[PDB]
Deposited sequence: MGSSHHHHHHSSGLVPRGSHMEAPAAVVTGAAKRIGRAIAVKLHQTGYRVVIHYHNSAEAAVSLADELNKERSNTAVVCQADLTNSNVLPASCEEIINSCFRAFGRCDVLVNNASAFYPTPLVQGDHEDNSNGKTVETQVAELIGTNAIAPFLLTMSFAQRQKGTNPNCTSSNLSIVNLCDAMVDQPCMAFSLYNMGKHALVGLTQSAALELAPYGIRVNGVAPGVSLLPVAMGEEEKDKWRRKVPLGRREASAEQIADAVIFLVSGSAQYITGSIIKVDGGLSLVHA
């Protein structure tokens, strides 16, 4: 009852998994939210519960925008209170990412890219605050939102909307002692299936070490922002990009 509890969206794999593991290692009980990756979510929960019993549960939800998304987001937050009796930390990590050229239906693309990257964060933030000591929300942003990838307008719109949520929610929730911050990766984990020749093109752009961030390096910034060492920090977005965003064309 004395261990704090965290919800991490899109926690089965990659960066969300690293966040969930590092929160667990810091002493949090975790809700591992997932959409399609059930086997991976359950494997992570079983690993964490082997390390300390009754410290991890999974929660499935589609975070695409729809008439039912508010209820789904309320139920993710409720899953943390039902398992652990509290919810101290929300990490909005789940995200759709694919091109939408201006030149799936376009409204499905809107629902997926704006829903996962912005509306679901907003509704999870409402539900988190309504249900409420070091409370905080961390949003996974994008260091490159001002130099965006060609043909990613909806993704980019969603990530800019998430900056606006981070700022608006930081201002409105400060009186409740809820801090709201972001972590903005540059290039972190690349797709397994991406050719090494294409991965290397991206790695060579990064000033600091000519490599992508590990998931753990992203998670380290999340751990800092939820810690007692960040008690005066709200409305801040920490770039974890190895200097990538400083590199001109």
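The deposited chain is incompletely modelled, with C-alpha atoms absent over 1-20, 124-133, 163-171.
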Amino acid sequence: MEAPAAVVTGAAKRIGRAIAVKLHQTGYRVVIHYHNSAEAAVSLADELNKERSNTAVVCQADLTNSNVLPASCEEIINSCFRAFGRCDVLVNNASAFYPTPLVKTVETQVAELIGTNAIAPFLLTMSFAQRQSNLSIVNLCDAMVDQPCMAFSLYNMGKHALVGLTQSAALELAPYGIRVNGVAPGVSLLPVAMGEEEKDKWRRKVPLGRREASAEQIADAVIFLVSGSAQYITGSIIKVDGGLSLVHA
From here on, numbers count along this sequence of modelled residues.
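Superpose the two forms; the largest set of C-alphas matching within 1.5 Å is the rigid core.
Averaged as a root mean square over residues and superposed structures in 9 other deposited structures of this protein, CA distances to the shown form are larger in 204-212; the pair compared was 43-51 and 204-212 with a core fit. Stretches 26-34 and 183-191 differ in mean C-alpha B factor, with the higher average recorded for 183-191.
Look at the mean CA B-factor for 2-10 and for 238-246 in the entry; the higher one is 2-10.
Highest CA B-factor among 93, 79, 167, 156, as stated in the entry: 79.
Across the options 125, 105, 136, 139, the residue with the most elevated CA B-factor in the record is 105.
When the modelled residues of the chain are ordered by their C-alpha B factor, residue 115 lands in the middle third. Per-chain ranking of the deposited C-alpha B factor places residue 219 in the lowest third.
Residue 89 sits in the lowest third of its chain by CA B factor, as recorded in the PDB entry. Looking at the C-alpha B-factors along this chain, the one for residue 145 belongs to the highest third. Sort the chain's modelled residues by C-alpha temperature factor and residue 151 lands in the highest third, per the entry.
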